[PDB]
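Before any questions on binding or motion, here is one chain by itself as structure tokens, the form deposited in one PDB entry.
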């Protein structure tokens, strides 16, 4: 038995990074919100591409080719891939319908990738990064890693023109440390950075604390892919 066992990350491809933007049922689209969202998406696209991932982005605005894209990752073979990432982006304060729709969408997404339904990821890291939204975040399975921008209590800073604290901080760590540090050590750095930030704003003293929940059974590294 080996305390330093890590996932085999020597497949032909890194795998897919699905970036899912939750937009339907949102209509307060102020400019900070719209500009922050695309920034977060762009920032994540670059960081994950640089880690070898094949990035696919889509949103839920059109309720017909969403299922397409959905079904479409459902049936994709991951035989030749190291792992799978899914990022769920949403806007900070939403109405109850927008928030309730997120919960169903996350429950659906995670359900698709359970060992029970995706044999080609059995034994491989299934990583979900969830930007939670305020108006059922209980998902799992072996080798899942669930990252949350904020824990169930809590306070999250609003979107800005440059994106959200959690996404910016995550991407900063990915770019600087992604290809070298163990992934959960990296997410721990993200806990610290985010929770250290602060808001003329009108609620001070407040902190956003991110959380990650690991059912991983080995260490996880994203060393540069090939030799």
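If you superpose the two forms and keep the largest set of C-alpha atoms that fall within 1.5 Å, you have the rigid core. Numbering follows the first chain given and starts at 1.
- Unmodelled deposited residues between residue 135 and residue 136: 10 or more, per the record.
- Coordinates are given for every deposited residue between residue 29 and residue 30; the gap count there is zero.
- Annotation for 69-77 versus 146-154: the higher mean temperature factor (C-alpha) is found in 69-77.
- Once the C-alpha B-factors are averaged per stretch, 16-24 and 211-219 rank with 16-24 first.
- In the PDB entry, the Cα temperature factor peaks, among 174, 199, 194, 161, at 199.
- Taking the deposited Cα B-factors for 181, 63, 190, 44, the highest one is held by 63.
- Among the modelled residues of its chain, residue 126 has a C-alpha B-factor that falls in the lowest third according to the deposited record.
- The PDB entry assigns residue 85 a C-alpha temperature factor belonging to the lowest third of its chain's modelled residues.
- Among all modelled residues in this chain, the alpha-carbon of residue 99 has a temperature factor (C-alpha) in the middle third.
- The deposited CA B-factor of residue 106 belongs to the lowest third of values across its chain.
Quick note: we don't show the form deposited in another entry, though the next part is all about it.
- Superposing the rigid core between this form and the one not shown leaves a single residue from 46, 193, 56, 35 with a C-alpha shift of at least 2 Å: 35.
- After superposition on the rigid core, the Cα atom of residue 99 is displaced by 2 Å or more between this form and the one not shown.
- With the core superposed, residue 13 shows a C-alpha displacement below 2 Å between this form and the one not shown.
- In the core-superposed comparison between this form and the one not shown, the C-alpha atom of residue 119 has shifted by less than 2 angstroms.
- Relative to the shown form, the CA atoms of residue 117 and residue 23 are pushed 3 Å or more farther apart in the other form.
- Note on residue 102 and residue 84: their C-alpha atoms are more widely spaced in the other form, a change of at least 3 Å from this conformation.
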